[PDB]
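The data below hold one chain only, encoded as structure tokens and taken in the form deposited in one PDB entry.
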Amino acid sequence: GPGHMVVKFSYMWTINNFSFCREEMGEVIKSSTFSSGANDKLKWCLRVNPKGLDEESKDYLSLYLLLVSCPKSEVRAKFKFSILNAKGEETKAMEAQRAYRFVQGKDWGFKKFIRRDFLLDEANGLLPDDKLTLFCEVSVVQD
């Protein structure tokens, strides 16, 4: 039966002067809004907790996709997060295994996205020049 093409798009977010303390960064960091295009009526953004906000995730950085604005009832979207290293390569990817149902104001993400001590280990190259660069790929689907 006829349907709609999968709508794929991406967003790169650079968080400068990344630090591991509440002062300097605050508990919730928010990205600018993004979408697939100009004619797109949906508005998305990312939100990071540099330290997870519960006991289970306190040793991790958390990362979420938030649907800011949508006119339609709901949106089904599959999403994938990764960290870009200094070569521009994706690393430490974490991906939804199915599409999740989004409504205006709903977020979906990973409270245990990456361990803080792994991020801070300079051997891992994920904070070159104290900059965390995150890359989000989204597929808006009918499924």
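In case it trips you up, residue 1 is the first one in the sequence shown, and so on.
- When the C-alpha B-factors of 35-43 and 106-114 are averaged, 35-43 comes out higher.
- Mean CA B-factor, 21-29 versus 125-133: the higher value falls on 21-29.
- Annotation for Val141: CA B-factor lies in the highest third of the chain's modelled residues.
- Ranked against the other modelled residues of its chain, the C-alpha B-factor of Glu55 as given in the entry falls in the highest third.
- Sort the modelled residues of the chain by CA B factor and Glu90 lands in the middle third.
- In the deposited entry, the Cα temperature factor of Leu120 sits in the top third of values across the chain's modelled residues.
- Split the chain's modelled residues into thirds by C-alpha temperature factor. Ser82 is in the lowest one.
What comes next is about the form solved in complex with a partner chain, which is not displayed.
- Contact check for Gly109: a non-hydrogen atom falls within 4.5 Å of its partner chain in the bound PDB entry.
- Among heavy atoms of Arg47, some come within 4.5 Å of its partner chain in the bound PDB entry.
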